[PDB]
Every structure is written in C-alpha cells, then in structure tokens.
Amino acid sequence: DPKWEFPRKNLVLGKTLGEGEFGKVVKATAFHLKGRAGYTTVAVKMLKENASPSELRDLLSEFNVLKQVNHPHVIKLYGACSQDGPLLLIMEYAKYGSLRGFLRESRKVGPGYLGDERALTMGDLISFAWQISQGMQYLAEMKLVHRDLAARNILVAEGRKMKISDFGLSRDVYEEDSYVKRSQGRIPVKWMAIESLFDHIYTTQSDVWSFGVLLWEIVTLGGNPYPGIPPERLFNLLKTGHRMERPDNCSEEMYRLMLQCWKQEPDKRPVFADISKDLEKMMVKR
Amino acid sequence: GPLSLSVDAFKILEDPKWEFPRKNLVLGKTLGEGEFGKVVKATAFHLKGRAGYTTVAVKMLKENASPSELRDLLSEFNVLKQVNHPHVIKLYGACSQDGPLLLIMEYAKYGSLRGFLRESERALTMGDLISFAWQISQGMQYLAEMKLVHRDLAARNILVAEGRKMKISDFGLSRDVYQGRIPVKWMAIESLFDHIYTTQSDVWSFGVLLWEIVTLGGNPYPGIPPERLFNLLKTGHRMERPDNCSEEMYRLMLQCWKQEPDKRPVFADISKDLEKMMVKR
Ligand SMILES: CN(C)CCCNc1ccn2ncc(-c3ccc4c(c3)OCO4)c2n1
Ligand SMILES: CN(C)CCCNc1ccn2ncc(-c3ccc4c(c3)OCO4)c2n1
Ligand SMILES: [Cl-]
C-alpha cells in the first residue's frame, strides 16, 4: 500500500521499549515521515525472535485495523516497511509508556497520587478512564471488538493523553455484532467477560466487561485483578456471582459503574456512550 | 465451553494414580519461564511410593495466563499420563486441590538442549551430538507408533537430564491423529501453507533440530525474517550444509525437508541412519 509504505533506509531503530505476547516494540526515528522535514521520534512494532504464524497474523491484523481508524485516544499508525526485510509498523511514540507502568511508577515517584505530569488526583484517574471510553466508543461505532483492553495495553503519550494500543487480537463484528472463536484465546483469563471465557463470544459488551477491570486497575494505581486467585478458579468464582471488591481508593459511584460492566447478562451492561457520560458526570460534580 | 469442562473434571476426578498431596511438595528456584508457563525445581515426599524426597520439576501457569495456556497444561497432563519412554520426560503427578494447578515432572538438571549446546566452553564429540539426535529419534519413533504428533519439536523443547539423556518435553500442542503457535522456522511447508500436521511434519521439525544440534545451538535460517521464508521454502531453498557437518548427516537433514511428506524418512529410518553412523565409528 503506497499510502502507508515507508522507505526502510529513512528508519533507524534503537532500544527495545517492550517485548512479550504482543511482539517487540523499539524506539526509532523516521526521516521525512508524512511530509514532516527531518527526523520524527516514533515507535516501531515488529515480530519477536522465533515468531509463529499467529504473531504474523496479529501484526498484519493490527496494520489492517489501524489503516482504517483515527481517534485522539487510539495510537496512530504512520507507516510500514513491508518489502525486502521484516514487517515493521511505524507508530505514534508514547513517551510515558504503558498506563499500568505509569500508574505503578506513581506509587514511588513524587508528587504521586494525592487522593505536574507526576501529580495525580482522582480527577486525573477519571479523565484517563473517560479518554479510553471515548476511544472505545469510536472503535465500537467502527464495528471493532478490541478483546485485549487492559492497563498494560493502553499507552500514555505527550500531555498524559491515553492511547489505546495492541490491536493484534481486535476483530471485525460487522455481521451479528459478535466474534466467536472455536479454540481457546490468548487474552489473560482475568480480563475476559464471563461469556468470552465460557462461550467464546466477544462483543462490544465483552469489551465493556474488560473496561470495568481496567477501571479497577486505574483506581488501584495498577493493581493486579483478583489478587492471589489462580486464573482457573475464575470459572466457578464468576458463575456463582462473585466480583472483585470495592478497592480503598474508589467512590461508590465508580464501584457501581464497575459492577454494571460485570453484569452476567451482557445487555444489562452499559454501552461506551453511557460509560463516557457517567465519567463526565463524576468529573463535573467533583 | 471445552476448557470450563476440562478444568472442572480436573478439579473433581482426584485420580489416586496421579493426585499428589500438596503438603508433600516444597517448591524451590525458578528453572524457566515463558510461553510454556513457569517451571520450578522442587522436592516431593513419598512421590509414587518412593522413599524420602525425589527432586522434581513442577510446571504451573505463569502470570496473567490465557485460556490457551491453561488448555496447554491440562492437555500436557492428558498426553503424558498415557506415555512411558526413556527419552520422553515423565509425568509423576498433579496437585489440583490446593491453590494453583501443578504438574509434577521428571527433573532434567542440564535444562534445555539449546542452552546445553550454546554453553558448548564444555566438550562434545560428534559421536555425542549423534547420540543426542538418536535418543530424540527413539522418543519420536515411540510417539509416532502411538499416533501422537508432537508439532513442537525444537532444541529449546528437548531437556537434558542426568547422564546427558535426552528428554522430549512441551506436549501442550501435541495431537492424537488416531491455530499458528509453532515458530515458522521449525514448521513443515504443508503446515505453513495448508495447516497440516502429521508425523511427517514432525520429521521436518526433526531436520531443523538436527541442524541446531550440529551448529551447537545455532539459529535456523540466520538473518532471514520468517515472513520471507514462506517463498524461499516454496521455491525449494533450504539451509546450506553447516561447518563441522558430514555429507551423511547433511543428506539426512535435506531428506527431512523434502516438499512431499511421503518422500521424508520415517523416525525408524532416522533412528537406523544414526545406529549405522554409530557402528561405523
Ligand atoms: C503492551 N503494549 C503497551 C504494547 C504496545 C505496542 N505499540 C506501541 C506503540 C507506540 N509506543 N510508544 C511507546 C511504546 C511502549 C513503551 C513502553 C512499553 C511498551 C510500549 O510495551 C511495554 O513497555 C509503544 N508501543
Ligand atoms: C521449554 N521447555 C524446555 C519447557 C519444559 C517444561 N517442563 C520441564 C520439565 C522438567 N524440567 N526439568 C528442568 C526443566 C527446565 C530447566 C530449564 C529451563 C526450562 C525447563 O525451560 C527453559 O529453561 C524442566 N522443564
Ligand atoms: Cl500497538
């Protein structure tokens, strides 16, 4: 695709920013990128060593989705090097790294959380969740299920702007408004809706469940969901109606929004437009 | 769904052959973590009615495990409880009643074959490498006769136990003849193009393993990205004879990579070529 193809000689790769089930991401610079003169600092996504077909399919899927979507709170694709060498996706650089990393650093780095980019209040946290909701609201309009919504898969960029990232597992639902997988998925159990875990059904409403988990991660400043609970225990724990407890740093209204995202019946869960409205009300009143 | 049914069976059956009391198990240092989960060294008291403490390896889910990772563990339990061979890593038991699911396995003090070769500045004869290749062939021959496809054969997925005995490990992806999770550089052409896996696709993987052995842990198709390998294999390219590799050994490799699965050797033939190398010093 000439719209996206970038000259490989104008890209220079540097240190690894992260490596895992999502693949490899390095910090880079691009010369004469999309008409910007001189060098622009970028992130480059590529396959890790000993890549499987699934990891190549995920890199290509990501390329295909980010070609079609544009939102202030979705990480930007700028280009690709897809000829005569490894597939490289050139992306928007997010200087603060993952949201999980950023929130966790805030327990340790002053001014920290207060109940300046390192100073955080409950207002900041509600704003982070609101930015992510708006991104997801747009993605749902675009008939996309992300499936991998989690604090580790959100990026924090210039001005502490939230950028939804990690589109490798995202799927089109234009027909039936569900994505169904015969085999077992690669989404961590503890972020999965009950119907995704038992029935392999992914919808915008299963993204709403995952958003509720992300909400619990945000207010706990990067806490580990269902802490101490082995993942195989979540089958029984969720079907008997157990949900994570209200954490210490959480209003009743915020906990009620989480509980609503974890309703057993997907249709009883709020939609992203309603989540964005609930987070707007919370902001304004405080 | 299929996984909730297996998890629940596993927590319920409490099979006295396999269930090991959690209080008799003492977990020690981490041996390895990755896509295969987490394995730690441990001691097990009265394992299988053995006296005192047996040193064991314990496999468990790593952090943030997916349904795929949990299915791989149960699936390993399912396959390994049915197999018994000196060059296949043994299952001794499971803990399914007390916190995280644990599999209790034969311990391999030298770790992975890949790690054991890359540190070889230890001394190996071509005779040893060919012993290693032969042992794996024996394990694979026994698995194929049981109609199990391993799918995942690689030097990183072979363990080295006491006396440098080879142990085939990583049975999570294995299938009983009668998804895209294997690294592309170990996959047969028909697995890449048509998603077929048979004993003959295990033989292709075995040919890549021979090449890792002879290069003392080399990286297959060095500096070729996996995305390009699809067209290079399709057009009949294969890795060059490596340094310190006989014609005989390299001919065995090339036959494991025939395009037509029917033209590859079976494991009995691979075993016989290494038995014949052996007697012919
Ligand atoms: C798991 N997710 C977050 C992977 C997202 C992969 N795509 C991108 C795109 C742009 N940027 N800009 C910075 C990073 C980055 C920084 C630190 C990290 C990092 C990515 O992964 C862990 O630590 C990045 N990644
Ligand atoms: C990827 N494969 C090899 C994982 C196999 C997992 N099952 C077992 C079973 C028994 N043992 N006894 C030692 C190890 C071990 C040591 C160092 C490692 C290691 C496993 O993995 C990497 O480094 C072991 N693993
Ligand atoms: Cl990404």
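Residues numbered from 1 in each chain as written, not as in the entry; some residues may be left out. Chains lettered and ligands numbered in written order. Heavy atoms only, no water.

Per the deposited record, X-ray crystallography is how this structure was determined, to a resolution of 2.05 Å.

**Student:** Kindly report on the environment of A:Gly112, identifying the contributing residues and their values.
**Tutor:** Structurally, A:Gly112 can be placed in strand β7 (residues 112-113). Setting aside residues up to four positions removed in sequence, A:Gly112 forms contacts with A:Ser106, A:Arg118, A:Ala119 and A:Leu120. (Helix = DSSP H or I, 4+ residues; strand = E, 2+ residues; numbered from the N terminus. Contact = heavy atoms within 4.5 Å.)

**Student:** Please set out the UniProt feature "active site" in chain A residue by residue, giving values where relevant.
**Tutor:** Residues and elements named next belong to chain A. The sites that UniProt annotates as "active site" are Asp148. When you line up the elements, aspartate 148 lands in the loop between β9 (144-145) and β10 (154-157). The residues contacting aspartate 148, other than those within four sequence positions of it, are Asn153, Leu169, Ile187 and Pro188. (UniProt positions renumbered as here; feature names shortened; annotations may be inferred.)

**Student:** With reference to specific residues and values, describe the layout of surface pockets.
**Tutor:** Of the pockets and cavities examined, the second largest pocket occupies roughly 500 Å³. In terms of lining residues, the second largest pocket is bounded by 24 residues, among which A:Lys48, A:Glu49, B:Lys185, B:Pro225 and B:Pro226 are the most central. When its residues are assigned to classes, the lining of the second largest pocket shows 14 nonpolar, 3 polar and 7 charged. (1 Å grid on protein atoms, 1.4 Å probe; cavity = no way out; pocket = protein on both sides within 12 Å on 5 of 7 lines; lining within 4 Å. Points joined across faces, edges and corners; volume = space filled by probe spheres on them. Nonpolar A, V, L, I, M, F, W, Y, C, P; charged D, E, K, R; others polar.)

**Student:** Give me the lowdown on the sheet that holds strand β11 (residues 161-164) of chain A, citing residues and values where you can.
**Tutor:** Residues and elements named next belong to chain A. Spatially, 3 strands are ordered β6-β10-β11 in an open sheet, and the strand pairing comes out antiparallel. Edge positions in the sheet fall to β6 (97-98) and β11, since each has one partner strand and no second. Of the strand pairs in this sheet, β10 and β11 are connected by 4 bridges, and their pairing is antiparallel. Pairing of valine 156 across the sheet is with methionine 162, part of β11. Packed on one face of the sheet, helix α3 (residues 122-141) meets β10 and β11 and runs near 35 degrees to β11. (Pairing = 2+ DSSP bridges. Axes fitted to C-alpha atoms, helices over the stretch in contact; angles between N-to-C directions.)

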